[PDB]
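**Q** Shown below is the structure under consideration.
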Amino acid sequence: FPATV
Amino acid sequence: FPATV
Amino acid sequence: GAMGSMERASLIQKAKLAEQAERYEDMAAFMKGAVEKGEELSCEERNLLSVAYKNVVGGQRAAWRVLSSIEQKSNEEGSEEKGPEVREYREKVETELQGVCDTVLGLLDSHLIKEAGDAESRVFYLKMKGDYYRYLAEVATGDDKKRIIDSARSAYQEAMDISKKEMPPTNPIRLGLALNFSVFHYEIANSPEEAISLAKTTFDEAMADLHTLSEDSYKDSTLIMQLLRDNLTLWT
Amino acid sequence: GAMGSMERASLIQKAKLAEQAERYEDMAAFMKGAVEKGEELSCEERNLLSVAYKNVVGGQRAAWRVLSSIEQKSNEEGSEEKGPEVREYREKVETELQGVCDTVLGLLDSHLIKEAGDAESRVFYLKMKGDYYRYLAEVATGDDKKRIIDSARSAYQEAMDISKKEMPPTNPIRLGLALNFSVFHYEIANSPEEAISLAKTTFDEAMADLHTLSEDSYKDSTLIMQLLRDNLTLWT
Ligand SMILES: COc1ccc(OC(C)(C)C(=O)Nc2cccc(-c3csc(C(=N)N)c3)c2)cc1
Ligand SMILES: COc1ccc(OC(C)(C)C(=O)Nc2cccc(-c3csc(C(=N)N)c3)c2)cc1
């Protein structure tokens, strides 16, 4: 997955 | 902790 | 609300305890109770709310992905029919996920966003609104999928517009908003070029503002900048 | 039972799906539903039941330990009073834990144990009965703490007696029972010498029977034997 915060 | 299963 | 009889300060205290115990459903319920007291949230409290629901919905999303992958393989050319059960259980998890997202969106609409005047609070809540419409979009397939996507986009866009006017380019909320809106473009909106452009411009503008920061602020900003770079590496 | 309208086979299928999704509360609810169909459980099904509730209660135990440690520090000489909240929330988690243990013990009493005639099933269920009384003992402090401890001991003892008569010393159920009864002695019954004696005798008798096993059975037995050795290393 791509990074999210 | 000691091991339990 | 089952938390209506508990003091606001006690709810916040217990949310912090629940976090330490990794009891994120409890954490979310405590922070929902605190929001429903009707007072604005401080910076710390906003982050307790976000940490709680991000962990709850994150578990649901991971479960949904596992089940969706099992469901798709069961529907490939050559599979052995195994009844309605995989679809039913994926649907069960999906409905619970949608319920959590609707709960969070409901707290934002009643009435966190309308009372949020400062940039750090309003951008935080609008980012959350974009994030939880994005999670709804991840599982959407019906007459409303485009409208869900546009609800996410609209919230993110308002947050972006405020953040560019009112916060420095290294502000961690501004950076995390851009990170997530970039992922929205890549994964949801089928706009990988927009995703890459946003991540790169955000990274470069932050780099140029790092010189203004203390050591502690530098650490916070460069952490999210590294996530932007990580995504760019994934995508190029 | 909210699972009363679902087919037994569908409940088992969904328990397996829930396991893959790491949704152990769901897994436990599905397997409770399957037990309440009234039929005996196969070997695989017994293990689905045990995996489900071990993961649920394991999370509760970990949370309880965190909260109990925070509570004890808050009650040390020099602490700043911080109200009833830590005790209240520890109590909340404790009551939920006790509820899970009571649910499992209820399934064993109604009517898994009384219908279990084969050694592999009866020893499995009696071990579970010992385990869930042991978890109740971990949090007990009242007029019934000694009786809870003796309920754990009695279940483990009946399981041990059957296992020594009816299973080889390398049987993994027999080994896991001895492992856990040994921990019961050490942690619950304040009998470390009994704990050490049981672990050592179990290990040595298993070692001497390994020569009878296939490669696959050897791997299963030596895995639990390594846990026995690990505990002995911790304790000596
Ligand atoms: C939603 O948008 C963002 C979310 C996270 C971002 O960055 C990271 C991941 C480094 C972060 O968490 N920063 C941060 C900043 C200020 C306060 C707190 C905090 C107060 S209390 C508390 C708790 N867990 N108890 C955590 C945490 C950036 C944007
Ligand atoms: C309660 O007493 C014990 C518990 C575990 C013990 O050993 C280990 C940990 C290696 C183990 O799990 N063995 C084992 C043996 C036979 C079947 C299964 C199984 C069938 S289905 C399934 C699932 N998770 N879906 C797992 C697992 C030993 C004693």
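These residue numbers are counts, starting from 1, taken along the chain as shown.
Any Cβ shown, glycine's included, is placed from N, Cα and C.
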**Q** So one of D:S10, D:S68, D:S154 should carry the feature phosphoserine according to Swiss-Prot; which one?
**A** D:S10
**Q** Taking Cα atoms as reference points, rank the recorded positions D:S10, D:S79, D:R134 by distance from D:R61 (site 'Interaction with phosphoserine on interacting protein') and give the first.
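**A** Nearest by Cα distance to D:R61 (site 'Interaction with phosphoserine on interacting protein'): D:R134.
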**Q** Check each residue in the chain of D:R134 (site 'Interaction with phosphoserine on interacting protein') that is at least six apart in sequence and keep those whose C-beta is under 8 Å from its C-beta; list them in sequence order.
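**A** When sequence neighbours closer than 6 are ignored, D:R134 (site 'Interaction with phosphoserine on interacting protein') has D:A152, D:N180, D:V183, D:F184, D:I188 within Cβ distance under 8 Å.
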**Q** In three-state terms from DSSP, label D:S10 (phosphoserine) for me.
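**A** DSSP call for D:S10 (phosphoserine): helix.
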**Q** Measure from the Cβ of D:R61 (site 'Interaction with phosphoserine on interacting protein') and count the other Cβ atoms within 10 Å, all protein chains considered.
**A** 18
**Q** If we count other C-beta atoms within 10 Å, could you say which of the modified residues D:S10, D:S79 has the fewest?
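**A** D:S79, out of the modified residues D:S10, D:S79, has the fewest neighbouring Cβ atoms within 10 Å.
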**Q** Which recorded positions among D:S10, D:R61, D:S79, D:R134 have a Cβ sitting under 8 Å from any chain C Cβ?
**A** D:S10
**Q** With DSSP as the yardstick, break the expression tag (D:1-5) down into helix, strand and coil residue counts.
**A** 0 helix, 0 strand, 5 coil
**Q** Between D:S10 (phosphoserine) and D:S79 (phosphoserine), how far is it from one CA atom to the other, in Å?
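**A** So the alpha carbons of D:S10 (phosphoserine) and D:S79 (phosphoserine) sit roughly 53 Å from each other.
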